[PDB]
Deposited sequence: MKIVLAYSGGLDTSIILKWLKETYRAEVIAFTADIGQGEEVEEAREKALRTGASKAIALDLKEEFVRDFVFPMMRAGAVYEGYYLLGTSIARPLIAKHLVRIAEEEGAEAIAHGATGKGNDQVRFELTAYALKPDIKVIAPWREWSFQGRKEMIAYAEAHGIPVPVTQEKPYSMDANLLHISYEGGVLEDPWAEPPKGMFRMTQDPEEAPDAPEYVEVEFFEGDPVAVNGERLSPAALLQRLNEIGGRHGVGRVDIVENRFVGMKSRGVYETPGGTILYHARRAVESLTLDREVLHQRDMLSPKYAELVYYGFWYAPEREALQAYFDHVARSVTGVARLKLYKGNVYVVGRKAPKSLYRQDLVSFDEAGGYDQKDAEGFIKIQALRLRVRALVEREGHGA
């Protein structure tokens, strides 16, 4: 039987490829997606073949990732529990999508992934798979094998000749996530030198740096006047924001499976894009549209976090967010300095701001009437209380 494995190249997914051959005596098709992890995915592909894969596929999905997953999510202003910009979250749907497509192309029965039984990833992979191919068979080795502990897995690794070696990392174009190990104690600061995408604030330039991001109908299309594709644009902002230490988050979040866990994230480019968008929105979105939009963002955020990307409720909300984002066209000017992102300017060809309405269509006495009417129900209330 054929099985398509989401293969990263790491120890665990390598142990999984061997485990699947041995346990299911199956023809394993390894799949590695280049989504900006900063690893030569071609090395993962050869290592998979070396580890026993009857086939290995490596694809550059950086553009699809940002264009079809990151951008739509950003248009919605999605933020989980106040700080998480969902770097790992929106990536999983993309990977499961291809796993399913590859399985259908290679006539494979099942697909497998290496997310553990304690997290959100397992849900994201599987909900995506079932939503796309309801008849698909899914295998989650972390839930199915008998290994108990790192020593056993390493022993098993060495036995099969698999290359063996504080926290665990998950990286892609949007961010790098860190959790586990020393990070499991919520009272303990992350260890110095852990971050990789972002330079330390204390080591960031002494001179602030200005950057401008242009948005067209809800999506960023240029940086400092240079038109850049979705992936190239995220990359560029990662470089600029990274040098300044921008986008570090440290939170204890609530997993979908029920328990809290301490996660640390660095999202330089995405963080710049979060504030740039709101800056352009401040001139281009209507007050009531904005207030409504912000009260829905958190719901869309948990949908992404839990793994309901290819789910009707998320696609429905997307219709709202996409409609609203269509008006977001303009430029945000931000000032980067030692870990912070400061909005310092913004402009738009169809700005709703009118200096003439605030400087010293507006008649001062209309305000009295507005106030009296707004006050009526409160006055009736007070009088009734006598």
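- Gaps in the model relative to the deposited sequence occur at 166-170, 366-369, 396-400, listed in sequence order.
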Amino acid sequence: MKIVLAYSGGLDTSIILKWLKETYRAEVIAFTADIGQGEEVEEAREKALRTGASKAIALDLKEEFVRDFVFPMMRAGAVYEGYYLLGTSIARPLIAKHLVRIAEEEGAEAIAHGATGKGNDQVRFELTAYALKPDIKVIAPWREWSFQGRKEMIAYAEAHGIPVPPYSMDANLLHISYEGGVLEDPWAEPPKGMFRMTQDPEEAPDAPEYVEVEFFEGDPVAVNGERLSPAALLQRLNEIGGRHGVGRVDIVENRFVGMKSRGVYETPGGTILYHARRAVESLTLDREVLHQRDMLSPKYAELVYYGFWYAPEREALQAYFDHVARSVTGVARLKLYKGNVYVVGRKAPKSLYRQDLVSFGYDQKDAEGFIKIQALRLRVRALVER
From here on, numbers count along this sequence of modelled residues.
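Heads up, when I say rigid core I mean the largest set of C-alphas that superpose within 1.5 Å between the two forms.
- Choosing between 242-250 and 142-150, the greater Cα displacement from the shown form in 6 other deposited structures of this protein, fitted by the core, goes with 142-150.
- The rigid core fit leaves 156-164 as the farther-lying stretch in 6 other deposited structures of this protein, judged by Cα positions and set against 295-303 and 156-164.
- Omission of residue 357 is seen in a third or more of the other entries compared for this protein where the adjacent residues are built.
- When the mean C-alpha temperature factors of 97-105 and 231-239 are read from the deposited coordinates, 97-105 comes out higher.
- Looking at mean Cα B-factors across 106-114 and 178-186, the upper value is held by 106-114.
- Across the options 203, 302, 212, 294, the residue with the most elevated CA B-factor in the record is 203.
- Of the candidates 288, 121, 158, 281, it is 158 whose Cα B-factor is highest according to the PDB record.
- When the CA B factors of the chain's modelled residues are split into thirds, the value for residue 216 lands in the middle one.
- In this PDB entry, residue 2 carries a Cα temperature factor that places it within the highest third of its chain's modelled residues.
- When the modelled residues of the chain are ordered by C-alpha B-factor, residue 68 sits in the middle third.
- Residue-level temperature factors show residue 345 in the middle third of its chain, judged at the C-alpha atom.
- Residue-level temperature factors show residue 41 in the highest third of its chain, judged at the C-alpha atom.
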